[PDB]
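See below for upload.pdb, which holds PDB, N, CA and C atoms.
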MODEL        1
ATOM      1  N   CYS J   2     197.067 178.754 -28.352  1.00  0.00           N
ATOM      2  CA  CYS J   2     198.010 177.815 -27.775  1.00  0.00           C
ATOM      3  C   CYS J   2     197.254 176.646 -27.139  1.00  0.00           C
ATOM      4  N   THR J   3     197.675 175.417 -27.445  1.00  0.00           N
ATOM      5  CA  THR J   3     197.029 174.176 -27.001  1.00  0.00           C
ATOM      6  C   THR J   3     198.079 173.126 -26.600  1.00  0.00           C
ATOM      7  N   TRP J   4     197.645 171.982 -26.067  1.00  0.00           N
ATOM      8  CA  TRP J   4     198.536 170.917 -25.594  1.00  0.00           C
ATOM      9  C   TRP J   4     198.637 169.762 -26.610  1.00  0.00           C
ATOM     10  N   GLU J   5     199.837 169.187 -26.741  1.00  0.00           N
ATOM     11  CA  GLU J   5     200.205 168.097 -27.649  1.00  0.00           C
ATOM     12  C   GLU J   5     200.903 166.990 -26.852  1.00  0.00           C
ATOM     13  N   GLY J   6     200.148 165.944 -26.487  1.00  0.00           N
ATOM     14  CA  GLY J   6     200.586 164.889 -25.571  1.00  0.00           C
ATOM     15  C   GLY J   6     200.831 165.450 -24.169  1.00  0.00           C
ATOM     16  N   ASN J   7     201.985 166.094 -23.995  1.00  0.00           N
ATOM     17  CA  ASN J   7     202.442 166.761 -22.779  1.00  0.00           C
ATOM     18  C   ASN J   7     203.363 167.975 -23.065  1.00  0.00           C
ATOM     19  N   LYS J   8     203.377 168.513 -24.299  1.00  0.00           N
ATOM     20  CA  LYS J   8     204.032 169.791 -24.663  1.00  0.00           C
ATOM     21  C   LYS J   8     202.989 170.846 -25.042  1.00  0.00           C
ATOM     22  N   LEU J   9     203.288 172.125 -24.803  1.00  0.00           N
ATOM     23  CA  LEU J   9     202.493 173.244 -25.304  1.00  0.00           C
ATOM     24  C   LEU J   9     202.895 173.519 -26.766  1.00  0.00           C
ATOM     25  N   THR J  10     201.921 173.643 -27.678  1.00  0.00           N
ATOM     26  CA  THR J  10     202.159 174.074 -29.062  1.00  0.00           C
ATOM     27  C   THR J  10     201.192 175.206 -29.433  1.00  0.00           C
ATOM     28  N   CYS J  11     201.699 176.225 -30.133  1.00  0.00           N
ATOM     29  CA  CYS J  11     200.947 177.418 -30.527  1.00  0.00           C
ATOM     30  C   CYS J  11     200.888 177.568 -32.057  1.00  0.00           C
TER      31      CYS J  11
ENDMDL
END
Kindly return the structure encoded in the file as structure tokens.
Amino acid sequence: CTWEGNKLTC
């Protein structure tokens, strides 16, 4: 799980 702009994406 990592960050995308300011959302969490897994």
Exercise for the section: Identify the residues around (204.4, 176.2, -29.6) within a radius of 6 Å, measuring from all atoms listed in the file in the coordinates stated by the file, and give them as a list in words. Expected result: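 Residues with an atom at most 6 Å from (204.4, 176.2, -29.6): residues 9, 10 and 11 of chain J.
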Pull N, CA and C atoms from the residues just selected and write them as a PDB file, keeping the file's coordinate frame.
ATOM      1  N   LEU J   9     203.288 172.125 -24.803  1.00  0.00           N
ATOM      2  CA  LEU J   9     202.493 173.244 -25.304  1.00  0.00           C
ATOM      3  C   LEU J   9     202.895 173.519 -26.766  1.00  0.00           C
ATOM      4  N   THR J  10     201.921 173.643 -27.678  1.00  0.00           N
ATOM      5  CA  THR J  10     202.159 174.074 -29.062  1.00  0.00           C
ATOM      6  C   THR J  10     201.192 175.206 -29.433  1.00  0.00           C
ATOM      7  N   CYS J  11     201.699 176.225 -30.133  1.00  0.00           N
ATOM      8  CA  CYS J  11     200.947 177.418 -30.527  1.00  0.00           C
ATOM      9  C   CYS J  11     200.888 177.568 -32.057  1.00  0.00           C
TER      10      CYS J  11
END
Exercise for the section: Please return as a PyMOL selection string: the residues of chain J that backbone DSSP assigns to strand (DSSP E). Expected result: chain J and resi 3-5+8-10
Hey, can you spit out that residue selection with N, CA and C atoms as a JSON list (two decimals), in the frame of the given file?
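Ended up saving to part-v1.json:
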[["chain", "number", "residue", "atom", "x", "y", "z"],
["J", 3, "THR", "N", 197.68, 175.42, -27.44],
["J", 3, "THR", "CA", 197.03, 174.18, -27.00],
["J", 3, "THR", "C", 198.08, 173.13, -26.60],
["J", 4, "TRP", "N", 197.64, 171.98, -26.07],
["J", 4, "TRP", "CA", 198.54, 170.92, -25.59],
["J", 4, "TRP", "C", 198.64, 169.76, -26.61],
["J", 5, "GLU", "N", 199.84, 169.19, -26.74],
["J", 5, "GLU", "CA", 200.20, 168.10, -27.65],
["J", 5, "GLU", "C", 200.90, 166.99, -26.85],
["J", 8, "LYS", "N", 203.38, 168.51, -24.30],
["J", 8, "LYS", "CA", 204.03, 169.79, -24.66],
["J", 8, "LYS", "C", 202.99, 170.85, -25.04],
["J", 9, "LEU", "N", 203.29, 172.12, -24.80],
["J", 9, "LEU", "CA", 202.49, 173.24, -25.30],
["J", 9, "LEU", "C", 202.90, 173.52, -26.77],
["J", 10, "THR", "N", 201.92, 173.64, -27.68],
["J", 10, "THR", "CA", 202.16, 174.07, -29.06],
["J", 10, "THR", "C", 201.19, 175.21, -29.43]]
Box for region 4-10 of chain J: with edges along x, y and z, all listed atoms inside and 8 Å added on each side, what are the centre and edge lengths in Å to one decimal, as AutoDock Vina command-line options?
--center_x 200.8 --center_y 170.0 --center_z -26.1 --size_x 22.4 --size_y 26.3 --size_z 22.7
